[PDB]
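*Asks:* Protein chains in written order, with the entry's author numbering: chain A, 2 to 126, 135 to 306; chain C, 3 to 126, 137 to 306; chain A', 2 to 126, 135 to 306; chain C', 3 to 126, 137 to 306; chain B, 3 to 306; chain B', 3 to 306. A prime marks a further copy of an entry chain.
Input: one structure, supplied below.
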Amino acid sequence: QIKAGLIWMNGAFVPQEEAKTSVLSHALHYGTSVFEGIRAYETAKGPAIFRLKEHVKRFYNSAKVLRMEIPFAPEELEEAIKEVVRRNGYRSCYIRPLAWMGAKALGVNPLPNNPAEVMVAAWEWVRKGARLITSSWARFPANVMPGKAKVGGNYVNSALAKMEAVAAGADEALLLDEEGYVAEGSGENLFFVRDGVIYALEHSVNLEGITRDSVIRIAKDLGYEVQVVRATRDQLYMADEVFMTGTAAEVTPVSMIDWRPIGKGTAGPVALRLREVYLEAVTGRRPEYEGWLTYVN
Amino acid sequence: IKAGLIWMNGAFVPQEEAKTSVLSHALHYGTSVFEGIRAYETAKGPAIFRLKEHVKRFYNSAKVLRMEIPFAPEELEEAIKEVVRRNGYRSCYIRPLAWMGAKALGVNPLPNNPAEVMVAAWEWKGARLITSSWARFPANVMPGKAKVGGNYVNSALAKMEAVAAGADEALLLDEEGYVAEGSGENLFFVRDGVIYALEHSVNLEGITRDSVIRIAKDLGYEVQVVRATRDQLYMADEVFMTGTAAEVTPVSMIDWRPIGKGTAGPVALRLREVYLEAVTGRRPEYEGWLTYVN
Amino acid sequence: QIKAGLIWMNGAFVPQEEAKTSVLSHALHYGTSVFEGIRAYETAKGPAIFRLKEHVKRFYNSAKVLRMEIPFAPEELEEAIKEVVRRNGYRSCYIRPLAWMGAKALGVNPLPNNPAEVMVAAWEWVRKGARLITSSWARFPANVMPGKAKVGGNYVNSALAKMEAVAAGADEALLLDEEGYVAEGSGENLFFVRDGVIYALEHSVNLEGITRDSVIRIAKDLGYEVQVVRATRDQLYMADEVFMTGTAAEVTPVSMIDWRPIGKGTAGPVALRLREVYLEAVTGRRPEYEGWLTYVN
Amino acid sequence: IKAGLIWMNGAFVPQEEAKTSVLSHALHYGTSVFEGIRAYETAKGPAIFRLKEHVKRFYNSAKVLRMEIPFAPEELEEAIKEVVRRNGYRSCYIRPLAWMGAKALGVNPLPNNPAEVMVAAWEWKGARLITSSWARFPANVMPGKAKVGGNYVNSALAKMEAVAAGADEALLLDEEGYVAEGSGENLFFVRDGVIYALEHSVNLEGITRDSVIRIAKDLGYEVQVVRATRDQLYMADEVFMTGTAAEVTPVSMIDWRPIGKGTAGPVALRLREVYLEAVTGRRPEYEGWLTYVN
Amino acid sequence: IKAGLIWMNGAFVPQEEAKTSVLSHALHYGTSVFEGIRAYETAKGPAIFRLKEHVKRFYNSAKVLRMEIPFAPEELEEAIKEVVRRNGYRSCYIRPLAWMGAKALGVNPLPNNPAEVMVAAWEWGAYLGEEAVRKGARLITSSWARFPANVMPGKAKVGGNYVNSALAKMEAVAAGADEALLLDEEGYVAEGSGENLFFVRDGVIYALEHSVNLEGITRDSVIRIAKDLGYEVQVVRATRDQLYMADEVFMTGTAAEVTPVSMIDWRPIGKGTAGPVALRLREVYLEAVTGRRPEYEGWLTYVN
Amino acid sequence: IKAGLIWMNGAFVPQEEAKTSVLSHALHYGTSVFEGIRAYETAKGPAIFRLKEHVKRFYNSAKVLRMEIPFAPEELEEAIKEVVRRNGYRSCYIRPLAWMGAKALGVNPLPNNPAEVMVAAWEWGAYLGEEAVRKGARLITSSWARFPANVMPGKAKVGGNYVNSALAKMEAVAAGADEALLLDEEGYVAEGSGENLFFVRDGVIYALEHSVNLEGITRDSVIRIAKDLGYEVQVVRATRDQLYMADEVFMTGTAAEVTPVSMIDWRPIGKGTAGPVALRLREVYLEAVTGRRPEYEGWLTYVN
Ligand SMILES: *Cc1c(COP(=O)(O)O)cnc(C)c1O
Ligand SMILES: *Cc1c(COP(=O)(O)O)cnc(C)c1O
Ligand SMILES: *Cc1c(COP(=O)(O)O)cnc(C)c1O
Ligand SMILES: *Cc1c(COP(=O)(O)O)cnc(C)c1O
Ligand SMILES: *Cc1c(COP(=O)(O)O)cnc(C)c1O
Ligand SMILES: *Cc1c(COP(=O)(O)O)cnc(C)c1O
Ligand SMILES: CC(C)CCC(=O)O
Ligand SMILES: CC(C)CCC(=O)O
Ligand SMILES: CC(C)CCC(=O)O
Ligand SMILES: CC(C)CCC(=O)O
Ligand SMILES: CC(C)CCC(=O)O
Ligand SMILES: CC(C)CCC(=O)O
């Protein structure tokens, strides 16, 4: 099982064993929950949470999409997130805030169930490159599921694609949109490099990644030209490099897609430089990016 | 919810004890499957409607997610009969649920198998619809033939929109623009004496829809299955929807445009009444669809 | 100009010259009108209007799509339609009822303009086959324009396709839907015949033609098997026959599509038989179909 | 409508005489083109805003329908100035219209050329939007870059739906599910200090949109052009729309979800005010956009 | 390929001489049409299955490309019978091909008419045994969608179309499956890389609508056989999950005959092995093509 | 076609010997890849335009099909230079082609690797004069949509892809136009049957986004030239009516060079004849490919 330890449950910390909810909870039946993925990294000055405010802002934004009411002020959630790290003595960990519709009723409409229940849990936490396979499941259109939010139900699509990719022998899935263009990974944003230029994929139906945002800023600071474009699978096949970004995935080089090697078939220099600066940033070794860190101690 | 005793992975427990970890995969990623089953009071006690058909779909939904249900269908069927008996229910709604637990939180749910399972139950002018701005998911985006938890975010968004607009229910179109179904009901319309059931397209294959078609044919109605547009519904003599919870519900208006006379029509009302007679054990011809708990 | 003569204008007949409306009429700016196409044919017992009630029903149905209020009872319109034939001494003519939003205001919302203005005008009115060309304009999706109604604005799509077809040297345009399947002509429903079976195209985004309905009934009465299906352009290219139906088009055989001959390259026997029975029906020579006729005298 | 003297194919006539045959092609098939132009009162009299740009689009719209306008642009420009002068208007809305007449009623409009033309004019918290169930037409279905009469059946359906639902305006998506525009307004949103104008996609290339972008850049704002989804708007700090009739209108709520603070935002209000200063002749930098009638 | 004597635009020549210019339009632009026909040995000699239906489709495919075949259908039919006789074949696969030649290489193929035509045939190296048939084929849904009806002519066997089939088949094999299941652009099931699909549920046999698929002659044959056996057959549009929950799934094609499908996307179909309906249909189909069914003799053309 | 000596998998042979089996996978299934390269005569001998960029795309196209080209890029580059020299050509069109051979005819082409390769070249019969260029090309929007990105590989020059181009070109010519303008399935402008599109409005040059189109080398060259001349260039998605109202429209391609478009769907573009921007870009492009522009010499590979 997950070694989470003390979990913040609607205002107070309780042992993991006591962090449970009714099986009649609306979210367990209809996917009506929202969550975030946040990381803390150890630094010379103790644990530092990466871009906490941006993650909390998105958490509340996701709730708004479902017209879900979070009965806590953003500042309270931010304090709870800092405390879940402190109270458990974590240094490098993954933090998972979750807001879900409770068991007041089970009609499909979740409004009668407001306000949402909320909890925050956490647990302690390249050159070869990842191998991807294009999925037979398309990322949902923008008027089918809210792709800019981390809504629980959305991940049935990610789960189906990820299972398919792993079953096929790949590390991750690459999903296309319904029109046939590249969208993103089951849980990562995509980038590719061609003739020295870095191409970030347009937001289309993808989540607006905070890691993606961070990597674009880093890339420009390093002097690279960055263009935002729509891309096809074969534009990726012919790229010099391809890489993915995400809180859990950090910056991961992609060496092969659909059994077709990308460039030299191993992680490229651009993706590796971006990954290195990103890791230096999250560990408090880049003064120019200290604004992105929230020190727990 | 007044559920009372709930069957939890093999044994009944008080409602307050029917809880699961907040780290359960399904609570974060919508990886659960469920069913909606009804029991109606008859002269011979409570009767569950088309129990085996619902249980079959439950396991079918699980297969779509490659979810393993650690119980034989026969065991779940017994649990469903028992949730009615042990709680002393007569007319009730039964909700079986299988969900991925808290073994891990990677998006891939396979490491979380087998699924946890529970069965709960609780005693149990025409509708006005508005076409939704949310389209029912394409067949390669979400599994529309299964009752997978995550699917219902789409239904929830559409239902909230309809209610906020002043309607009773939402009518969702598919991405191409054709009529799909309600947030939780299959659709039918009637024109010049003929009953038109909508093709399955991206919709759930409703058991009530199936029941209604059989009843309609038995009553002598001509039934055709077609793809339909919103304006084919606007000009229909009648429109109605079906579902376990919705039974057979007449639709009197869509997008503020009256359907036919603007009130519940004769065909929808007749099908609803005959359906009620079937589920309450008044029609010998349909007794095969009933499972008497006593 | 059109030789219409006496035109029924909101309750009373007036000379064609007096049948005018403000240039500030909502329908002249935003396509907010509905119309019908009805024909009267000369018979041994005088002029007979074909399926009048079905056409009037559709007229009111089209108005409902626009939430347009027609300030006359269907029976009044039916009488006006009979009178436009009588008063002008017509025998074989085309009848055009039209309801349009007036000049009360020019906001895009037409509701403030209700009730609609209404008028009814009329004017006196194969083996080679028609040549069609597939259009570069797609028939509108069912959630873009109301394709089951004869709404004025809809015909911008038909006009663009028809102009294109004529410019290319064809007689009529064949429109596909956005997905690439055959839809219908700019103003006609489509049918094809293969191995003795008659295939009527599904309604999809097309208008539910009354001529199409009539031809299907006639076909079945003649003993032909009729199937309703979705079709692709190449299914038509390989058909034994292809034909179109419409009030103005009656039953018209199609001998060529996209410069590819259909079957023998001339009208086929099936389309010709259906056309003949249809013409016998509308001229009062088929006792079994007399229910479809409304004799003006 | 209090239009007064209307220019009809070359000469002004009383409003009551400005009529056309009910057998006019455009009244049956939507084959007309129009423009929306405004005149604002300035210290130097009425000034028409971006007259030549609007006249150019008028002729461009006609080309899409292969419609022949039997007058030179210069003649129409003079007619537009005169409809303001002869009626003694100061702040007014000007509506030029070209339509296919009554020569014939075959669907093909070519036999009806040249088009008839008229020019009429009349004195002239944040908006709440709801996403429409009607999608703006694909680029190969209706000519979305032209103000063709028939196109507005789509706008009318969406607007009626929005108003019936309790909103002020409709937000239409394209068939693929992305945001397109309002029933008669282009859309913008603001996030983290950056102004985002939506790409042209299937929308009309608004002159107000163009004006707003120029003003925003001149004021020092960063402006990006992107494709957007409904939930990108839900999470924006601000959303606003532009159009000749709508000027610059802030949007405080979409689908009952508040945008930012739930009230008109600073950027939208500032752009609206500077735009008003430009059209009323208070900003020398934008005088090139004005045509003084006197 | 051991084809032997090949019919080349009117006359048979040794395989070594059956070559065409590398400047042929079809080698650069996919402008060819072909057919897949089979001759099955019987006690009365080889019998070609539904020859006229295949030849009709061959000419229909050519019409889609506005390709002119400079031979009458009867001439091609005789050549098809002769390729079997002249090579002394019993059972064999027959491949007629019409392609645009090397007159020019502008994308427009009209200047290249008339098309060159050839008919070749060769023997099978091996056949699947009942054990393999019963285990059933494993399919995986492809990331490549079958082309929309206004993108490529899906009702014709046009060479270029098969780039789509090739991409899907390679993907399926690489993923460990036997065949690919392609969806259409809208997300519904279309067909395999070279087979039509069917599924069985609650006693009813469901054939998929034609949609963007090729109108298979094997599909047609199976439907006729199923109806003759007393089965109810319905034609519908289907989703991947309707197949996941079917009692049985099977595919048809000249090369594939009737092949049961036991798993799709690692999800077992029904019992996880071939079912009784597909196995029965396959048996009757094989009895028909090998001349053991008097009622279906009209479908056979005996070479001798 | 008068090609003369053709390079066939490693060595030059007379055209008559440059033939391949009619059982070649690519002749039946469109499994080939090719390039369009040009050599322009200069006072210093023939100069091949952007040779390495074309060769890179050739190998990239092969990768999409998982096709193995058994030659190093440098070998192909030498063969391309030699086909010009050995035939004594000055200006000429060069056509490299890699195709799947006749090892087997299962739809999966992997068993057929490695691919066969050839390089042929031939001279132009005629060129358009300034009069024709100024009149401009007339386009008509096609009823055939360019394939979605998950249907056919639109970034590669794969043989099968051109069935779509062939159908569109035939349709356009039959309608009386010079070329077809294809839209994508969603209704937006894609490209011509074999040319990328550009339009000019209010002084700005608009290149179309790549969408489902091929990333043209001529398109790339024109954008560089336009920027060097001082023009503002933007890349956007466009609709047919945005082109109808453009001041100018033009298309690019190796064979098409820079061709002004004066009419689309019988609607005149701007003045109804070629405009000054397209004519200027065409002139500078021609100066570049014929070695009259020192700043662009890096794009040329002199055979002598
Ligand atoms: C969370 C997530 C990402 C990555 O976003 P980050 O903010 O960089 O963590 C990408 N795609 C999906 C679908 C996600 O849920
Ligand atoms: C459960 C459900 C129905 C109704 O199906 P029944 O089997 O009749 O209860 C219809 N649509 C959806 C989306 C459903 O989930
Ligand atoms: C009127 C019309 C038809 C033909 O319908 P009928 O009822 O047979 O006259 C077909 N298509 C369109 C678009 C039409 O408007
Ligand atoms: C007229 C119009 C606009 C606004 O354009 P402006 O040039 O700014 O007046 C926006 N959308 C549509 C559909 C329009 O017709
Ligand atoms: C040839 C083919 C089939 C099978 O058709 P049969 O006539 O049964 O051989 C199925 N699908 C495709 C794409 C084909 O090319
Ligand atoms: C070859 C080609 C082009 C032109 O590209 P260039 O590199 O400029 O020759 C454009 N479109 C298609 C479809 C092509 O095949
Ligand atoms: C796809 C999501 C479950 C992963 C969030 C993260 O990157 O942390
Ligand atoms: C809306 C759905 C969750 C209701 C299921 C049922 O009809 O029982
Ligand atoms: C397309 C419509 C204008 C024609 C109606 C009719 O067939 O009479
Ligand atoms: C809704 C549109 C008709 C309004 C045009 C304008 O902004 O003037
Ligand atoms: C897909 C095709 C190449 C196969 C033809 C056949 O079944 O014989
Ligand atoms: C479309 C392609 C066949 C043309 C390549 C070229 O422009 O040379």
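Ideal placement from N, C-alpha and C gives every residue a C-beta, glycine not left out.
To the nearest angstrom, report how far apart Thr-261 (chain B) and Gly-103 (chain B') are at their CA atoms.
*Replies:* When rounded, the distance between both Cα atoms is 28 Å.
*Asks:* Classify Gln-244 (chain B') as buried or exposed, calling it buried when 16 or more other Cβ atoms lie within 10 Å of its own Cβ.
*Replies:* The residue in question, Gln-244 (chain B'), is buried, as its Cβ has 16 or more Cβ neighbours within 10 Å.
*Asks:* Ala-151 (chain C) CB to nearest chain B CB: under 7 Å?
*Replies:* Judged by the 7 Å Cβ criterion, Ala-151 (chain C) is in contact with chain B.
*Asks:* Bridge partners for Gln-236 (chain B) per DSSP, in chain order?
*Replies:* The partner list for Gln-236 (chain B) (beta bridge, DSSP) reads B:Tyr-208.
*Asks:* Would you say the segment 135-146 of chain A touches the segment 75-89 of chain A, given that touching needs at least three Cβ pairs under 8 Å?
*Replies:* Verdict: no, contact absent.
*Asks:* Please work out which residues of its chain come closer than 6 Å, Cβ to Cβ, to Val-238 (chain C'), disregarding the five sequence neighbours upstream and downstream, and give them in chain order.
*Replies:* Once the five neighbours on either side are set aside, the close Cβ partners of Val-238 (chain C') are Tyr-208.
*Asks:* Using CA atoms only, rank isn't needed, just tell me which of C':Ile-142, C':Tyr-190, C':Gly-196 and C':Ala-174 is closest to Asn-163 (chain C').
*Replies:* The option with the nearest alpha carbon to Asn-163 (chain C') is C':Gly-196.
*Asks:* If distances are taken between C-alpha atoms only, which option among A':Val-191, A':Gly-205 and A':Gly-156 comes closest to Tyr-190 (chain C)?
*Replies:* Closest option to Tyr-190 (chain C), Cα to Cα, is A':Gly-156.
*Asks:* With a CB to CB cut of under 6 Å and the five nearest residues on each side skipped, what residues in its chain are close to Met-69 (chain C')?
*Replies:* Hits under 6 Å: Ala-117.
*Asks:* For the segment 156-179 of chain A', which residues have a CB atom closer than 8 Å to at least one CB atom of chain C', in sequence order?
*Replies:* Residues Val-160, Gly-161, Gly-162, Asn-163, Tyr-164, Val-165, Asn-166, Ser-167, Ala-168, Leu-169, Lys-171, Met-172 and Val-175.
*Asks:* For chain B', find out if any of its Cβ atoms is closer than 7 Å to the Cβ of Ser-145 (chain A'); answer yes or no.
*Replies:* Chain B', which has a Cβ nearer than 7 Å to the Cβ of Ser-145 (chain A'), makes this yes.
*Asks:* Alpha carbon to alpha carbon, what distance is there between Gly-255 (chain A) and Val-214 (chain A')?
*Replies:* Taking the straight line from one Cα to the other gives about 43 Å.
*Asks:* By Cβ distance, which residues of its chain are closer than 6 Å to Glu-289 (chain B'), with the 5 residues on each side in sequence left out?
*Replies:* The answer, listed in chain order, is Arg-295.
*Asks:* Measure the C-alpha to C-alpha separation of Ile-227 (chain C') and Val-153 (chain A') and round it to an integer number of angstroms.
*Replies:* If you take the alpha carbons of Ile-227 (chain C') and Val-153 (chain A'), they lie about 34 Å apart.
*Asks:* Using a Cβ cut-off of 7 Å, pull out every chain A' residue sitting near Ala-104 (chain C'), in sequence order please.
*Replies:* Within chain A', the residues near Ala-104 (chain C') are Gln-2 and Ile-3.
*Asks:* Can you tell me the Cα-Cα spacing of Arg-88 (chain B) and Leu-78 (chain B), whole angstroms?
*Replies:* So the two alpha carbons sit approximately 15 Å from each other.
*Asks:* If the cut is a Cβ gap below 9 Å, which residues of chain A does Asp-186 (chain B) touch?
*Replies:* Within chain A, no residue comes near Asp-186 (chain B); the closest Cβ sits about 11 Å away, beyond 9 Å.
*Asks:* So, is the C-beta of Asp-204 (chain C) closer than 7 Å to a C-beta in chain A'?
*Replies:* Taking Cβ atoms only, chain A' never reaches closer than 7 Å to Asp-204 (chain C), which makes this a no.
*Asks:* Please name the residues in the segment 266-280 of chain B whose beta-carbon is closer than 8 Å to at least one beta-carbon of chain A, in chain order.
*Replies:* Listed by position, the residues of the segment 266-280 of chain B near chain A (Cβ gap below 8 Å) are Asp-267 and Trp-268.
*Asks:* Any heavy atom of ligand 9 closer than 6 Å to the CB of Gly-218 (chain A')?
*Replies:* Outside the cutoff, so no.
*Asks:* Quick one, are the C-beta atoms of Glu-187 (chain A') and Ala-147 (chain A') less than 7 Å apart?
*Replies:* In contact: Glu-187 (chain A') and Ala-147 (chain A') (Cβ atoms closer than 7 Å).
*Asks:* Using the rule of at least 16 other Cβ atoms within 10 Å of the residue's Cβ for burial, across every protein chain shown, is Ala-74 (chain C') buried or exposed?
*Replies:* Exposed, since its Cβ has fewer than 16 Cβ neighbours within 10 Å.
*Asks:* Using a threshold of 6 Å, is the CB atom of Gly-196 (chain C') nearer than that to any non-hydrogen atom of ligand 10?
*Replies:* Flag set: Cβ of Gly-196 (chain C') near ligand 10.
*Asks:* So that I know if they touch, is there some Cβ in chain A lying closer than 7 Å to that of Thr-241 (chain C')?
*Replies:* Output row for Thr-241 (chain C'): interface = yes.
*Asks:* Buried or exposed for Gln-236 (chain B), going by 16 or more other Cβ atoms inside 10 Å?
*Replies:* It counts as exposed.
*Asks:* Determine the extent of the alpha helix (DSSP H) in which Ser-63 (chain B') is found, giving its start and end residues.
*Replies:* Unbroken alpha helix (DSSP H) run through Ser-63 (chain B'): 53-66.
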